[PDB]
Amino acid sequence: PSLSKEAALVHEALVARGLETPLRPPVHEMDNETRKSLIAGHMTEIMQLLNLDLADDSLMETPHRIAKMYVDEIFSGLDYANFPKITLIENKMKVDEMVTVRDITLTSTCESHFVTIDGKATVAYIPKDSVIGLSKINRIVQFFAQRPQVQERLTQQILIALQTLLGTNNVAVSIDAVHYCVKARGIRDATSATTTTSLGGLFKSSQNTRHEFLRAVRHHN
């Protein structure tokens, strides 16, 4: 069993741009179940170096959990077998204005500290010959979010991907997020948020389409 068509096209598009999250050739396909078990073991070791009575009934299953989380959960975006099934319909309606999906739930991790990134994404595109099923947008945002990320790069990966799938450069992405690596640690700023945006096609070149999008960005409820 091997990958999908849309998946391939995207992946290549990001590679051709140096936007792919830093990875090393898989070499051999290590039995996934065996991958966790090894990691879980490593976690055990760290927790011990922290003097954590594993004999207890609560922390006992954590080493396992953390492994299952990294392997089959918050980093799934790393594997393209998880790329969402994409579907498009003929732009019969001749939609020549932008379609915007705002306040998309975006959950991620800052690759620097492996800590929570809680945010919101706002995506918009102007249909060329295809209108994409709304959910696919969300699904595409959450795919790239589930990986060790750098907001700036995440935003970018979302753009090129939508552009590749929709068949248009007229796509704009915008992520607004709270970094817990900045919040629950270090400088510990509890109020600040980070906003990153990637503007394609007209959203970049057209001064009209640009400010139409940015103006409708950053909403609450």
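Each residue number is its position in the shown sequence, starting from 1.
Look at the mean CA B-factor for 186-194 and for 51-59 in the entry; the higher one is 51-59. Averaged over their C-alpha atoms, the temperature factors of 116-124 and 67-75 are higher for 67-75.
Highest C-alpha temperature factor among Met93, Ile137, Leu106, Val99 per the entry: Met93.
The PDB entry assigns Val131 a C-alpha temperature factor belonging to the lowest third of its chain's modelled residues.
Annotation for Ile175: CA B-factor lies in the lowest third of the chain's modelled residues. In the deposited entry, the Cα temperature factor of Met30 sits in the top third of values across the chain's modelled residues. Ranked against the other modelled residues of its chain, the C-alpha B-factor of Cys110 as given in the entry falls in the highest third. In the deposited entry, the Cα temperature factor of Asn169 sits in the bottom third of values across the chain's modelled residues.
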